[PDB]
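Residue numbers (PDB author numbering), protein chains in the order written: chain a, 295 to 301, 312 to 319; chain B, 53 to 277; chain C, 36 to 167; chain D, 88 to 430; chain O, 53 to 155; chain 4, 537 to 613; chain 1, 46 to 81. Heads up, the thing below is written out as structure tokens.
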Amino acid sequence: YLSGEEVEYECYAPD
Amino acid sequence: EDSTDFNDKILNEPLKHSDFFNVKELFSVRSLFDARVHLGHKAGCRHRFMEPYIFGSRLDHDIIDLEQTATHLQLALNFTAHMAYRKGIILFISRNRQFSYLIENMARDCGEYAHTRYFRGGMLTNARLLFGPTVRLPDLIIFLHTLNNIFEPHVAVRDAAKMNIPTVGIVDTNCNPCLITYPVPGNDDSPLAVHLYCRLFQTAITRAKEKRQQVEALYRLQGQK
Amino acid sequence: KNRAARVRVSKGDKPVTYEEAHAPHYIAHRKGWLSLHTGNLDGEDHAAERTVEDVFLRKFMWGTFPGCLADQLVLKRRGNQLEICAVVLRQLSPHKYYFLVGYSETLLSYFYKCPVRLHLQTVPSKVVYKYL
Amino acid sequence: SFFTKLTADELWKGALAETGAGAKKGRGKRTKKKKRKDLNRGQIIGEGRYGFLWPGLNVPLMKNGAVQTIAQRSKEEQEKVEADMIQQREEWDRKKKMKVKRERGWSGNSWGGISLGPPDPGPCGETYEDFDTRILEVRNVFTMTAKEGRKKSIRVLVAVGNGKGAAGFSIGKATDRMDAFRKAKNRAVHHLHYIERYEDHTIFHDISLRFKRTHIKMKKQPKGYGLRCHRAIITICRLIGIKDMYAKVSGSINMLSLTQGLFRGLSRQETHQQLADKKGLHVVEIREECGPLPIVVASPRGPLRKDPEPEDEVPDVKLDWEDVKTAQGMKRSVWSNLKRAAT
Amino acid sequence: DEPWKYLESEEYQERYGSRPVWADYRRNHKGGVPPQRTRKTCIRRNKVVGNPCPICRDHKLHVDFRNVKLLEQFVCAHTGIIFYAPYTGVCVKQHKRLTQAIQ
Amino acid sequence: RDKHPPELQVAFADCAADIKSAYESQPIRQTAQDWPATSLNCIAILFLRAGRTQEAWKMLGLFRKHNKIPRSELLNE
Amino acid sequence: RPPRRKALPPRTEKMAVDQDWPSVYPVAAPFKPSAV
RNA sequence: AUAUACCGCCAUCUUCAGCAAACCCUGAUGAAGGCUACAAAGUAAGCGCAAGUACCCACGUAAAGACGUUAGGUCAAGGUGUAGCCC
Ligand SMILES: [K+]
Ligand SMILES: [K+]
Ligand SMILES: [K+]
Ligand SMILES: [Mg+2]
Ligand SMILES: [Mg+2]
Ligand SMILES: [Mg+2]
Ligand SMILES: [Mg+2]
Ligand SMILES: [Mg+2]
Ligand SMILES: [Mg+2]
Ligand SMILES: [Mg+2]
Ligand SMILES: [Mg+2]
Ligand SMILES: [Zn+2]
């Protein structure tokens with residue numbers, strides 16, 4: 295825990 | 053612009069009057085005496101926090117001071133009327149089964165709510181799970197009997213305080229009023245006492261709801277013109 | 036305790052598909068078969084060969100469409116036709132799915148010497164039957 | 088054999104050995120642990136050792152308006168691709184090796200003093216961003232069970248506060264330590280105390296109380312004195328908003344007794360206005376930095392008494408020998424009044 | 053030359069905000085009670101120790117009698133006393149320079 | 537181009553809204569957004585005639601941001 | 046940034062209730078939700 | 001080599017009915033505990049049982065049978081972690 299902090313548009317016919 | 057006037061003429065105006073709903077005309081020390089409100093339990097059953105409200109013991113039977121009851125009853129009815137006026141949810145609670153039917157009908161008649169049945173663990177402290185995240189809890193709980201059927205305090209008294217809900221309660225001489233917001237020392241056993249309580253609360257609640265509509269209607273008619 | 040093909044209860048966070056959620060005793064009761072052919076009918080031959088082919092096609096498609104399969108394959112045989120029906124995701128570009136369809140149909144047709152067709156149904160996400 | 092191969096999920100489930108009698112009771116400990124790695128992460132469909140360029144799969148389908156043909160990268164051009172993938176693999180490993188280190192608590196291996204952040208937002212769009220959470224105790228509790236023998240659970244004590252007088256604490260219990268953290272901190276914000284503060288920096292008066300066997304003596308202090316108190320009291324005081332106070336904890340040093348004993352004492356402190364109302368007299372503060380100037384701090388809201396408070400020539404108040412021994416200079420301790428970091 | 057400018061810059065405000073430069077510093081030591089003296093110096097033959105003090109860790113902080121806004125951070129606003137070195141964690145070398153600049 | 541019965545006008549405002557979204561989420565959004573003058577005037581007029589005045593008032597800012605001349609008809613409505 | 050590809054609406058929404066269904070499923074084919 | 005690193009498939013209580021996330025409350029917010037039907041603090045998704053299905057019925061027999069118990073069995077079904085061999 296202390297060592298490490300743990301680690312849109314949709315359109316038709318996109319080109 | 054118009055909301056501040058609304059809350060001032062409707063919500064804040066009733067709070068500037070000592071008896072806005074005239075609940076003092078509903079009862080008298082004589083009317084309470086005829087309903088046997090002064091009759092308490094035997095001295096051996098007395099709760100020590102009820103001693104301030106006891107007039108004395110008549111042959112080992114405690115007598116409730118109706119002069120104090122009258123002042124406490126005035127406050128309880130006044131609070132109840134204001135909460136009905138503000139459209140609060142009022143829930144009646146009692147476990148005495150002799151009066152379950154009477155209390156359930158009184159709630160339906162006044163447009164309020166009654167819980168006279170077995171009280172399941174967490175109705176108030178876990179309401180969102182039992183009813184849903186958007187459940188609205190009561191704004192006032194009125195106990196006509198504060199003890200359960202094993203002569204212990206009704207669990208909703210403690211849980212109402214946990215949820216910061218004001219409580220009105222009839223407290224007989226063997227009851228604990230410490231956590232009841234507006235206690236009313238009085239007989240909780242005799243049918244004449246219990247019937248009287250139901251009439252007073254029913255009338256106070258019904259009167260406050262009618263007053264709210266009268267004011268609102270007047271405030272609208274005057275607003276247009 | 037029986038283990039075979041049983042997704043075991045967890046904390047309620049594990050999504051399982053309809054097929055994964057049904058143990059073997061529900062086969063033919065609540066779930067059907069993932070391959071249909073005539074080799075296992077009475078008086079029919081070549082069940083061993085159909086079984087090896089099916090095991091291969093499942094591995095071939097798993098590695099040919101890596102990360103794309105959202106459910107087990109449904110294998111259908113009619114005559115000498117082989118139809119492969121797969122539920123896939125909508126992450127790969129359509130061009131890559133058309134490439135792999137043309138590639139897989141051709142390679143499998145020459146491998147097993149039969150006309151092979153691949154039918155793709157795309158879903159936005161793995162269809163969840165329940166959370167075990 | 089091609090047919091004896093398994094999927095990655097089967098291979099990792101076996102190799103990791105997370106299910107088994109080793110992982111049931113933690114019978115196996117893991118200073119060296121097999122860690123799951125996603126080996127399809129940086130892999131591109133169509134890319135192989137031979138370096139073939141498949142039009143439409145790993146290279147564009149059309150180039151200059153014409154369909155590309157099958158091609159293969161040169162031996163030199165393919166080594167660069169392979170080398171670039173190895174470096175990208177160490178870079179990705181370096182990105183996972185770079186984890187931001189969090190501040191420690193009262194000690195490097197202690198949970199006490201560590202912040203857990205604000206409590207989670209409630210179901211009805213309720214938020215607690217103004218509140219901070221601090222851990223006070225994390226304990227491993229071991230329950231003997233009828234069939235499963237000794238089982239390990241976690242009991243956590245956490246405190247919450249907004250720094251403006253509203254603070255509370257709650258116990259959390261769960262098999263996992265992070266589920267206990269959630270329970271305690273979320274529960275604590277529903278059991279908040281309000282703590283009165285003198286001038287929003289200290290307590291109103293000296294508080295000496297006992298809760299069970301834990302004694303806590305707190306002293307009102309002026310600005311700049313800081314929090315010279317048991318480390319847990321320091322943590323709790325920062326959540327409340329107390330800046331200047333001395334506290335001495337004697338007897339049993341039980342974190343729970345100390346926490347609820349501290350909140351009980353801080354919640355029962357009489358303010359200056361409450362004292363003025365109770366006695367119907369002015370409360371007048373005399374400060375040596377302001378000389379003889381009388382500073383009225385509180386006046387009764389109701390009528391003001393006309394009869395002076397009786398002046399008992401000698402008060403019958405009980406004194407602390409530690410306070411008297413100090414005032415006289417007879418209290419000599421090598422550990423008192425030591426230089427410490429700002430708290 | 054103009055050390056008071058650093059405290060008015062954006063770099064300073066981003067690193068320290070409105071807190072004192074020593075707010076986030078913590079001494080590394082064994083035990084609960086720290087040693088009663090801080091380290092003699094954080095710069096030893098032009099080499100900096102692993103955990104330099106609030107003054108030594110920022111080379112743009114200049115202890116000078118004109119940079120009064122920095123000096124105020126090491127004097128108590130309520131009592132006017134200069135914080136002892138363990139209070140802020142400054143090394144003994146920089147604490148002497150701060151005490152002389154303050155005077 | 538012309539006004540229509542309320543039922544049609546409401547439908548034209550739902551389409552103009554979807555067109556507005558297309559202008560806002562163009563793939564050239566990486567570069568500056570090109571909002572023709574006629575497009576802005578028409579989309580605004582269609583909102584007014586539909587009763588979505590709140591949306592029309594908001595769009596007036598886009599005439600100043602992109603420096604597009606407002607049409608006479610839009611100002612009168 | 047290129048927009049993610051949006052699946053078209055199922056062509057069932059364009060089918061009339063009085064169409065020639067044999068033209069949709071002329072030969073044996075697997076079940077297609079978008080076409081049924 | 002290691003089933004005392006495992007997946008996979010199982011034995012066993014089971015000729016059981018319980019396990020249980022998420023909440024809530026009691027014990028002073030101690031380890032702990034949470035039921036009374038003329039009911040007094042518990043609500044509970046999910047899993048199992050049950051239901052359903054198979055065989056000749058709704059019966060019976062199969063099948064099913066959770067969590068956990070025995071570091072139970074199997075590295076020699078296959079796969080595989082670690083260690084070891086490579087004339
Ligand atoms: K095993
Ligand atoms: K093996
Ligand atoms: K092995
Ligand atoms: Mg009674
Ligand atoms: Mg068996
Ligand atoms: Mg350490
Ligand atoms: Mg074993
Ligand atoms: Mg049966
Ligand atoms: Mg059996
Ligand atoms: Mg069954
Ligand atoms: Mg063994
Ligand atoms: Zn230094």
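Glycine is no exception: its CB is placed at the ideal position from the N, C-alpha and C atoms.
So, does the stretch 149–164 of chain B touch the stretch 208–222 of chain B, judging by three or more C-beta pairs under 8 Å?
no
According to DSSP, is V158 (chain C) part of a helix, a strand, or is it coil?
As a first step, residue 158 (chain C) is located in the third sequence; it is residue number 123 there, counting from the start. Strand at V158 (chain C).
Is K148 (chain O) near ligand 12, going by C-beta to nearest heavy atom under 8 Å?
Mapped onto the fifth sequence, residue 148 (chain O) falls at position 96. No.
Pull up the distance between the alpha-carbon of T131 (chain O) and that of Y312 (chain D), whole angstroms please.
Working through the fifth sequence from its first residue, we reach residue 131 (chain O) at position 79. Working through the fourth sequence from its first residue, we reach residue 312 (chain D) at position 225. When rounded, the distance between both Cα atoms is 9 Å.
Counting only beta-carbon atoms, is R50 (chain 1) nearer than 9 Å to chain C?
Taking the first residue of the seventh sequence as position 1, residue 50 (chain 1) is located at position 5. Chain C, which has a Cβ nearer than 9 Å to the Cβ of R50 (chain 1), makes this yes.
Could you tell me whether any non-hydrogen atom of ligand 7 is closer than 8 Å to the CB of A108 (chain D)?
The residue labelled residue 108 (chain D) in the question sits at position 21 within the fourth sequence. Because some heavy atom of ligand 7 lies under 8 Å away, the Cβ of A108 (chain D) counts as near it: yes.
Three-way DSSP call (helix, strand, coil) for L153 (chain C) in this model
Mapped onto the third sequence, residue 153 (chain C) falls at position 118. Reduced to three states, the DSSP call for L153 (chain C) is strand.
How would you label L118 (chain B), buried or exposed, when you count the other beta carbons within 10 angstroms and need 16 or more for buried?
Here residue 118 (chain B) refers to the residue found at position 66 of the second sequence. It is buried - the Cβ of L118 (chain B) has at least 16 other Cβ atoms within 10 Å.
Length of the line joining the Cα atoms of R237 (chain D) and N227 (chain D)
Looking up residue 237 (chain D) in the fourth sequence gives position 150. Looking up residue 227 (chain D) in the fourth sequence gives position 140. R237 (chain D) and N227 (chain D): Cα-Cα distance of roughly 12 Å.
According to the Cβ coordinates, are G252 (chain D) and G328 (chain D) closer than 9 Å?
One-based indexing of the fourth sequence puts residue 252 (chain D) at position 165. One-based indexing of the fourth sequence puts residue 328 (chain D) at position 241. Yes, Cβ-Cβ distance for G252 (chain D) and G328 (chain D) is below 9 Å.
At the level of alpha carbons, what is the spacing between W179 (chain D) and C143 (chain O)?
In the fourth sequence, residue 179 (chain D) corresponds to position 92, counting from 1. In the fifth sequence, residue 143 (chain O) corresponds to position 91, counting from 1. If you take the alpha carbons of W179 (chain D) and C143 (chain O), they lie about 40 Å apart.
How many Å lie between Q562 (chain 4) and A586 (chain 4) at the Cα?
Here residue 562 (chain 4) refers to the residue found at position 26 of the sixth sequence. Here residue 586 (chain 4) refers to the residue found at position 50 of the sixth sequence. For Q562 (chain 4) and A586 (chain 4), the distance between alpha carbons rounds to 25 Å.
Kindly list, in the order they appear in chain C, the residues whose Cβ is closer than 8 Å to that of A73 (chain 1).
One-based indexing of the seventh sequence puts residue 73 (chain 1) at position 28. Per Cβ cutoff of 8 Å: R113.
By the DSSP assignment, the alpha helix (DSSP H) with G597 (chain 4) in it spans what residues?
Your numbering for residue 597 (chain 4) matches position 61 in the sixth sequence. 589–601 is the extent of the alpha helix (DSSP H) around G597 (chain 4).
Alpha carbon to alpha carbon, what distance is there between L343 (chain D) and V276 (chain D)?
The residue labelled residue 276 (chain D) in the question sits at position 189 within the fourth sequence. The residue labelled residue 343 (chain D) in the question sits at position 256 within the fourth sequence. One alpha carbon belongs to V276 (chain D), the other to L343 (chain D), and they sit about 17 Å apart.
Got a sec? Which residues, its chain only, sit under 6 Å from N130 (chain B) by beta carbon, not counting five neighbours each side?
For the purposes of this step, residue 130 (chain B) is taken as residue 78 along the second sequence, with counting starting at 1. Its chain contains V75 as the residues whose beta carbon lies nearer than 6 Å to that of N130 (chain B), once the 5 sequence neighbours on both sides are disregarded; these appear in chain order.
Give the straight-line distance between the Cα atoms of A82 (chain C) and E88 (chain C), rounded to the nearest whole angstrom.
Reading the third sequence from its first residue, position 47 is the one you call residue 82 (chain C). Reading the third sequence from its first residue, position 53 is the one you call residue 88 (chain C). About 10 Å.
Contact set between the stretch 115–142 of chain O and chain D, restricted to residues whose Cβ is under 9 Å from the partner
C128, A129, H130, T131, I133, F135, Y136, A137, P138, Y139, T140, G141
Run through chain C and tell me which residues come within less than 9 Å of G107 (chain D), C-beta to C-beta.
Stepping through the fourth sequence from its first residue, residue 107 (chain D) is reached at position 20. By Cβ distance, chain C contributes nothing, its closest Cβ being about 14 Å from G107 (chain D), past 9 Å.
For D48 (chain C), which residues from the same chain have a beta carbon less than 6 Å from its beta carbon, with the 5 sequence-adjacent residues on both sides left out?
Numbered from its first residue, the third sequence carries residue 48 (chain C) at position 13. There are no such residues.
Can you grab the Cα-Cα spacing for the pair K539 (chain 4) / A592 (chain 4), in whole Å?
Residue 539 (chain 4) sits at position 3 when you count from the first residue of the sixth sequence. Residue 592 (chain 4) sits at position 56 when you count from the first residue of the sixth sequence. A straight-line Cα-Cα distance of about 16 Å links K539 (chain 4) and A592 (chain 4).
Close beta carbons around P104 (chain O), own chain, < 7 Å, minus the five adjacent residues each side:
Taking the first residue of the fifth sequence as position 1, residue 104 (chain O) is located at position 52. Result list for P104 (chain O): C94, in chain order.
Residue from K112 (chain D), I201 (chain D), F350 (chain D) with nearest C-alpha to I290 (chain D):
As a position in the fourth sequence, residue 290 (chain D) is number 203, starting the count at 1. Ranking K112 (chain D), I201 (chain D), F350 (chain D) by Cα distance to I290 (chain D) puts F350 (chain D) first.
To the nearest angstrom, how far is it from the Cα of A256 (chain B) to the Cα of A133 (chain B)?
Here residue 256 (chain B) is taken as the residue at index 204 of the second sequence, counted from 1. Here residue 133 (chain B) is taken as the residue at index 81 of the second sequence, counted from 1. C-alpha separation (whole angstroms): 5 Å.
Take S45 (chain C) and list the residues in its own chain whose beta-carbon comes closer than 8 Å to its own, dropping the five residues that flank it on each side.
As a working note, residue 45 (chain C) is residue 10 in the third sequence. Here the set comprises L167.
Looking at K145 (chain O) and ligand 12, is the gap between the Cβ and the nearest heavy atom below 8 Å?
Working through the fifth sequence from its first residue, we reach residue 145 (chain O) at position 93. Checking every heavy atom of ligand 12 against the Cβ of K145 (chain O), one is found closer than 8 Å.
What distance in whole Å lies between the Cβ atoms of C149 (chain C) and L110 (chain C), which are believed to be in contact at a cut-off of 8 Å?
Stepping through the third sequence from its first residue, residue 110 (chain C) is reached at position 75. Stepping through the third sequence from its first residue, residue 149 (chain C) is reached at position 114. The Cβ separation is near 12 Å, so there is no contact.
Determine the closest residue to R56 (chain 1) out of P48 (chain 1), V69 (chain 1), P47 (chain 1), with distance taken between C-alpha atoms.
Here the question's residue 56 (chain 1) lines up with position 11 in the seventh sequence. For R56 (chain 1), the nearest C-alpha among the options comes from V69 (chain 1).
Hey, would you say the C-beta of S297 (chain a) is under 8 Å away from at least one heavy atom of ligand 6?
As a working mapping, residue 297 (chain a) is identified with position 3 in the first sequence. No, ligand 6 has no heavy atom inside 8 Å of this Cβ.
Environment of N273 (chain D) [buried if 16+ CB atoms lie within 10 Å]
Position 186 of the fourth sequence, counted from the start, is the residue given in the question as residue 273 (chain D). Label assigned to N273 (chain D): buried.
Three-state secondary structure (DSSP) at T219 (chain B)?
Counted from its first residue, the second sequence places residue 219 (chain B) at position 167. When secondary structure is reduced to three states using DSSP, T219 (chain B) falls in the strand class.
Beta strand (DSSP E) segment containing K121 (chain O), residue limits
For this step, residue 121 (chain O) is matched to residue 69 along the fifth sequence. First-last for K121 (chain O): 120–123, but that is the alpha helix (DSSP H), not the beta strand (DSSP E).
Do the stretch 142–149 of chain B and the stretch 192–205 of chain B make contact, defined as three or more Cβ pairs closer than 8 Å?
Taking a cut-off of 8 Å for Cβ pairs, the stretch 142–149 of chain B and the stretch 192–205 of chain B touch, as three or more such pairs fall below it.
Using a beta-carbon distance cut-off of less than 8 Å, what residues from the stretch 87–111 of chain O approach chain D?
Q88
Cutting at 6 Å between CB atoms, please list the residues of its own chain near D240 (chain B), excluding the five before and the five after it.
One-based indexing of the second sequence puts residue 240 (chain B) at position 188. Within the same chain, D240 (chain B) has close Cβ partners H197, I222, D224.
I282 (chain D) and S354 (chain D) closer than 9 Å at C-beta
For the purposes of this step, residue 282 (chain D) is taken as the residue at position 195 of the fourth sequence. For the purposes of this step, residue 354 (chain D) is taken as the residue at position 267 of the fourth sequence. It is a contact, given that the beta carbons lie within the stated cut-off.
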